[PDB]
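# Residue-level structure breakdown
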Amino acid sequence: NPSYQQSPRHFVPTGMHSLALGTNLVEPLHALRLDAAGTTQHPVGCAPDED
Amino acid sequence: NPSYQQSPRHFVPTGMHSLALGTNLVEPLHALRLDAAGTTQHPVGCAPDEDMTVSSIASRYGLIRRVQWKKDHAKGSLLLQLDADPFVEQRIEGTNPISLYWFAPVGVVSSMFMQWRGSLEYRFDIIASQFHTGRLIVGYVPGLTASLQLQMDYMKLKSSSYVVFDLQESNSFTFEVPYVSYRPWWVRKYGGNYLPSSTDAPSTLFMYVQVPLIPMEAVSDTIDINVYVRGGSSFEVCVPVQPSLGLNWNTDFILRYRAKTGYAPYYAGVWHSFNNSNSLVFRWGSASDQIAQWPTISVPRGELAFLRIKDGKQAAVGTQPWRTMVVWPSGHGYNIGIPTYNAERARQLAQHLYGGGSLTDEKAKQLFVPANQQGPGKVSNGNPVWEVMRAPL
Amino acid sequence: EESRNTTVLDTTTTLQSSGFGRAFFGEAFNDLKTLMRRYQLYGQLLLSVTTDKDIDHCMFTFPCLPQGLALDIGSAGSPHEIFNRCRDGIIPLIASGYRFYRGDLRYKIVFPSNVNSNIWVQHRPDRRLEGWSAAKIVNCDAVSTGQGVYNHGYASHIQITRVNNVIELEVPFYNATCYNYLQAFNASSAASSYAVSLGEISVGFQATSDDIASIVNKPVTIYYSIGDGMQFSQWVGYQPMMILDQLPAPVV
Amino acid sequence: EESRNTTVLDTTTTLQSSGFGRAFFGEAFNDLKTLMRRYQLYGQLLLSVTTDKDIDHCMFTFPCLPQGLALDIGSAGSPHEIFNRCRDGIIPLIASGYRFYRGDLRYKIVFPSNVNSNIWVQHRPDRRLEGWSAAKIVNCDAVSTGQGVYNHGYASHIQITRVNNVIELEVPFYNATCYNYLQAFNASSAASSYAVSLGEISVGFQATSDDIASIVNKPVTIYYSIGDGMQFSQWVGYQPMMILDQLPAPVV
Amino acid sequence: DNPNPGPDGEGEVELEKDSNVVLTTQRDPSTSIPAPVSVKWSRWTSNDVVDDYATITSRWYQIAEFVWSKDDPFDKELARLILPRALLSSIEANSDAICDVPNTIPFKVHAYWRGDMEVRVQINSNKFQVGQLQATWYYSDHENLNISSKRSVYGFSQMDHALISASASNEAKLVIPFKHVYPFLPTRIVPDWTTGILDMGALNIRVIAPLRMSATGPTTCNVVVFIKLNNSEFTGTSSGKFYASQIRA
């Protein structure tokens, strides 16, 4: 057990993420799922036809 | 010592981790161990043998039914009809107000999950000698409503899928149940005490008598048939919900006048806002304005009400158990409970107040219990029930 | 026979394509999913406590569906001015032009400030949606069935108001269907009621009777994005619209 | 002679395996340990202070065992509505279908909000469990032995309520046994009492007599997951269950 | 498929020859194994001379015989034996000491024990009799207070068990390994262990199908249970006068 004696970080806090941005970020959430790597699927005939 | 002058990070705080996720994350904790790299071990004979696996639980047969099949059962008499689901019940004939049930392990492990699909396997063990001769259909009709549970014979059964079994020398078989629905999964039979979530079976299993029993004169005329259930090789469940079954370890249910919740236990003490600390009033604590609050009794014009505790042993205690009281607005936005020496005084105080009087009237003040009767100021036993005593006024 | 062209009588020349604003503004507004992942108000309510609540009682309940709730204009005395003035948002206006959906949703719930109490949020994907009536935020006023009670097995999360009074969660797709309906739902059968919303979110406080007095008439707002893997799969044309600056002004 | 098959009379065809929902929902619900690592309510209590407490006195105590406590329905006047209505959770319902366990547990304790005082939590793996009675959350009302006092050598942690009023800890396996019992425990010997729970968690406040008045009747909830390296090692069938929507409704 | 009985009877005897005791079965045994084969554990908690006595402890010896009649209902227990206690209590029920049987003389002199078990439950029923019994093993019966609601054939069918049909007159073999919280069971009164001495759980034989027959059929049948201690190990050599008799039950 060594002692970490270097200087720590020095942030700014905010209470909410990007409420408007939606394209090129990775928004962290408390997903109410069981698997953290799990997403939704479309197999195989219930696929999207209209983009 | 250089100075770090670049721009720092810009987060969002939350107070708790994933309360539901459990598979592919690394949950940080304050482990109450001594070594940070230390985990638990299993050396070497106390190793796990049974993996916690839903396909290993549902692959185990559970006895759900016994059926008497007799000699005098005619050609086509019904032995059993049941539901093609893991939720098959066997009621215990107990004297409890809530009844217990036997389930297959597939039904217990499917009660925790919302949706199921796949084949079921019903093992029929027909306890007979090699001198009993019979023949029966284990049939299977795709989706039937409640009004189609009747109008059923062995002849409408043979339109759907069915299996005819002969009993000569092999006294056991296994019928694998098809899974026929309009839906890939199937929502479970019972909800978490939400009665508008009830759903019946996808389909219905029957067992009629195709050829009646011919026993020899040296053997019995009745035959037991055991029905075992396990979820087959294609059975699977997905979405975890609140399980629709409970244990029988504490088989005690509570059906829904006392203090408002939280304002008990209480003791009779004093308050500067009730007759300038000179009279007893129920308090739920010793600190600033910790005064017990009480529900409003519904009282029509022409009546009064006061309270008499049902069990005096549960009462708050001063120089005596406080078994009687009147409840009245405090003037501070809630009702207070004012103990009296006895029912006669309580009735006289209620008469005064429901008669139009005020807590500051001398007639009311003289019916309160004085502060010098506080004694030990013992609290009530929990939040006990009082009888609402009503009278014409 | 819809997008046909018999004779195109072009009197024009070539117009320079900006790439949906990527040339001017550094961003292409072509993918409509990028627009729908912007948060938009699912609803708002004032908390009201009628009966004495336990720790287990849920404070309010609402079904979670992407095409937006029954549009709560509010009372005639005190109307909700967002849904009254500028009627509805972008996401249900897009979702009106489709029939079916499949995928997740994202909910961001903002709680009042001066409250401190620890808040639980459960998602129950068991509650079928019975008609477009009572497809709204419902104040739980009594507990008869297992609806009011914090249940065990559901996907839950507890937000600490002392740290931060906003919760950001992702509701997954848990219906046993190919799709769900994406219009104002009309209940015909019982199985069709299972396939309207994703589930049913219940939010409850762990406060007692003394601390719940500071919570009455405080606003709770609910915002939602569209998530990802969220696909609309049948083109339906739009219904009759209404023009917003044609609405009358509150004259004095 | 349990999982045998004399004659399998298959009238079916091949059904497409979804992989326990991994095809539809992107996740396989086959590993039951993944389900049991979801948190579930170990219990809840209202804090009550009878006698004057020192800084060293523990506020409440409870044994730490995976098969769930003696099911506290509450008082007849004020019942705990979670354990009364929807009787028991997922994790003890699974643990009823086994006999032995070995491994760690995970406890998440949520404290009230308006309290500020610094909270200590000790784990004492010394307390043998004497019968299924008093296997519950025990309000420490007096200090006679070394039970009420914050002791020295145990694994302890102090949570700062001013920073965050929730503690997340991992109780390790410290019994000198191969396993422990995983049913409603019946005390026969003295050595069998050492092998029911992992240990005994005591939670205490450092408040004085003036600040403890704001803590009375405030709720404390305790949640638990199953941890990892947690193995159930003997198959026992299930006991008689009870159906929950068959319970009576509180009619008016 | 071609029967030809002679003076012998056209059978095929299966033999279990275990240390000068031979058991014969006409039928095939219906086995059920609850847990996999245990390991020896003299390494971790013993320094005394640890030795089995396989010539005298891996023998067969009857522990119960009883009469299954047609006057028994559906769900009714016939036997409930706490097997390590039931061996000693079956000897003491024959009104003698424990040092008169070679199977149990190391239990008189040692303190602790660990070993696996082999249980043979043999029925002698007529071919025309109709009925069926369970042979269910449960580890540590007394350490569960809700077992009084558990003892039924509905619950015991869910864990693995052995079925005995009265028509075929078959046999139930039960390979019971050592599975307990502590890796040793004390044979006598030992520190902080005063009750439940040498108890590992209950083998309980109940009825599924009650015994059915004609009006003049043979009313009863007999069931005998034999036990074997094969992978034993005895540690803690002590005086035999410290040992006391088992609880009667």
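Residues numbered from 1 in each chain as written, not as in the entry; some residues may be left out. Chains lettered and ligands numbered in written order. Part of a larger assembly, values for the part shown. Heavy atoms only, no water. Residues with missing side-chain atoms left out of burial classes, pairs and counts.

Per the PDB record, this model was obtained through cryo-EM at a reported resolution of 3.100 Å.

## A closer look at the interface of chain D and chain A
With 10 residues of chain D at the interface, the matching set in chain A holds 7 residues. Between chain D and chain A, the buried area comes to about 660 Å², and carbon and sulfur atoms account for 56% of it. Joining chain D to chain A, the criterion identifies 0 salt bridges. Where chain D meets chain A, there are 1 residue pair in polar contact. Of all the secondary structure elements, the ones that give two or more residues to the side of chain D that touches chain A are α1 (22-25) and α2 (32-36) of chain D. Counting residues per element, the side of chain D that touches chain A draws most heavily on α1 of chain D, which supplies 4 residues. Each residue belonging to the side of chain D that touches chain A can be placed in one class, and the counts come to 5 nonpolar, 2 polar and 3 charged. (Contact = heavy atoms within 4.5 Å. Buried area = accessible area lost by both parts, 1.4 Å probe. Salt bridge = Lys/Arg side-chain N within 4 Å of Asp/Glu carboxyl O. Polar contact = N/O pair within 3.5 Å; in protein donor to acceptor, adjacent residues only side chain to side chain. Helix = DSSP H or I, 4+ residues; strand = E, 2+ residues; numbered from the N terminus. Nonpolar A, V, L, I, M, F, W, Y, C, P; charged D, E, K, R; others polar.)

## Comments concerning the interface of chain D and chain B
Counting from both sides, the interface comprises 99 residues of chain D and, opposite them, 104 residues of chain B. Tallied by class, residues from the side of chain D that touches chain B come to 45 nonpolar, 34 polar and 20 charged. For strand β5 (residues 100-102) of chain B and strand β14 (residues 241-243) of chain D, the ladder comprises 2 bridges, and the chain directions are antiparallel. Residue pairing in the sheet places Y101 of chain B in a bridge with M241 of chain D of β14 of chain D. (Pairing = 2+ DSSP bridges.)

## Remarks on the sheet that holds strand β10 (residues 185-186) of chain E
Residue and element names in this part refer to chain E. The antiparallel open sheet is built from 3 strands, whose spatial order is β10-β5-β13. Edge positions in the sheet fall to β10 and β13 (233-235), since each of these pairs with one other strand and no more. Where strand β5 (residues 112-114) and β10 come together, 2 bridges link them in antiparallel fashion. Bridging from a neighbouring strand, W113 pairs with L185 of β10.

## As for unusual backbone geometry
Going from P43 of chain A to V44 of chain A, the amide bond is cis rather than trans, its omega being -20°. You can see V44 of chain A is positioned in the segment after β1 (30-31). For the bond running from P43 of chain B to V44 of chain B, omega is -20°, close enough to zero to count as cis. With respect to the element layout, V44 of chain B can be found in the loop between β1 (30-31) and α1 (54-57). Within the chain, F20 of chain D stands out as a residue other than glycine whose phi angle is a positive 60°. Note that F20 of chain D resides in the loop between β1 (8-10) and α1.

## As for the environment of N151 of chain D
All names here are of chain D. Of note, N151 is situated in the loop between β7 (138-139) and β8 (155-159). A sequence separation of 106 residues divides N151 from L45, and the C-alpha atoms of the two residues are 23 Å apart. With near-sequence residues (within four places) excluded, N151 lies in contact with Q122, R124, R127 and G146.

## Considerations on the side chain of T177 of chain D
If you trace the backbone, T177 of chain D turns up in the loop between β9 (166-171) and β10 (180-181). Polar side-chain contacts of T177 of chain D include one of 2.5 Å to the backbone oxygen of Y179 of chain D. Those residues in contact with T177 of chain D, other than ones at most four positions away along the chain, are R102 and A195 of chain D together with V181 and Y182 of chain E.

## Some remarks on the pattern of salt bridges
Two side chains of opposite charge can pair, provided their charged atoms sit close to one another. Scanning the entire structure with this criterion turns up 27 salt bridges over all chains. Linking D104 of chain D and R33 of chain B is a salt bridge whose minimum nitrogen-to-oxygen distance equals 2.9 Å. Remark: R33 of chain B occurs in the loop between β1 and α1 and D104 of chain D occurs in the loop between β4 (100-102) and β5 (105-110); the pair is interchain, linking two chains. A relative accessible area of 7% places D104 of chain D in the buried class. With a shortest N-O distance of 3.5 Å, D224 of chain B and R212 of chain E are connected by a salt bridge. Taken as a pair, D224 of chain B in strand β13 (residues 222-231) and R212 of chain E in strand β11 (residues 201-212) lie in two separate chains rather than in one. For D224 of chain B, a relative accessible area of 3% gives the class buried. (Buried < 20%, exposed > 50% of the residue type's maximum accessible area, 1.4 Å probe, protein only.)

## Topic: the arrangement of the chains
Most contacts, compared over the 8 pairs of chains touching, are made between chains B and D. With respect to C-alpha atoms, chain A approaches chain E no nearer than 29 Å, and the pair has no contact. Contact between chain C and chain E is absent, and the minimum C-alpha spacing across the pair is 23 Å.

## So, the sheet that holds strand β5 (residues 119-123) of chain C
Residue and element names in this part refer to chain C. Strand order in this open sheet of 5 strands is β6-β2-β10-β5-β7, and the pairing throughout is antiparallel. A single partner strand is all that each edge strand has here, and the edge strands are β6 (138-139) and β7 (155-159). Where strand β2 (residues 60-64) meets β6, 2 bridges bridge the pair, whose relative direction is antiparallel. Each residue of the ladder has a partner; that of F60, found in β6, is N139.

## Considering the pairing of strand β12 (residues 221-229) of chain E
In regular strands, side chains alternate between the two faces of the sheet. Residues and elements named next belong to chain E. Among the 9 residues of β12, 8 are classified as buried, and the element is accordingly described as predominantly covered. Here 7 bridges tie strand β3 (residues 61-68) to β12, and the two strands are oriented antiparallel to one another. In the sheet register, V67 faces β12, and the bridge partner there is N222. Examined bridge by bridge, strand β6 (residues 117-124) and β12 share 8 bridges and lie antiparallel to one another. By the bridge assignment for β12, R120 is matched with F226.

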